[PDB]
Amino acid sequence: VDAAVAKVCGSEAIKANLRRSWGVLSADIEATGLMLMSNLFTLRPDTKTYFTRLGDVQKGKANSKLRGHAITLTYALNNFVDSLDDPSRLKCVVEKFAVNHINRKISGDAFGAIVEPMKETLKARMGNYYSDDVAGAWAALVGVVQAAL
């Protein structure tokens, strides 16, 4: 976990990419979360099995439990982005979110299912400002959680 935290917090390029991409995503926090969850279930349909409390996750915004989840997820991303100045903050925030996923029996490999969904969400919502390094930055951040799982 410490090594993974340092990879993120110690890289100005990763921090700048997370911040500029978050700038775009924050134009519509709710829509970002719903699009990310849609891409999760589309690009990784195997993950649907974990989210049955939410009912028909394919219904998007109309499914209120999915909507509430998607919004909360997006504030978790907001939290990560606001944790970049303090490796100890990023660590404890990651550890908190890891506790939740460990208790839902989500492995590091399973959690990594988000990476391609996130990449596609970034492409769709950033347009020509997308770059592969932006996806890499978010993959590195996900890697911190994976190390904690």
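Numbers for residues come from their place in the sequence shown, where the first is 1.
Should the higher mean CA B-factor in the entry be assigned to 80 to 88 or to 103 to 111? Averaged over C-alpha atoms, the B-factors run higher in 103 to 111.
Could you check the entry and say whether 39 to 47 or 58 to 66 has the higher mean CA B-factor? Mean B over CA atoms: larger for 58 to 66.
Can you tell me whether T32 has a C-alpha B-factor in the lowest, middle or highest third compared with the other modelled residues of the same chain? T32: CA B-factor falls in the lowest third of its chain.
Sorting the chain's CA B-factors, does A140 end up in the lowest, middle or highest third? Its C-alpha B-factor, which the entry lists for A140, ranks in the middle third among residues of this chain.
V24 CA temperature factor, ranked by third within the chain: For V24, whose C-alpha B-factor we compare with every modelled residue in the chain, the answer is the lowest third.
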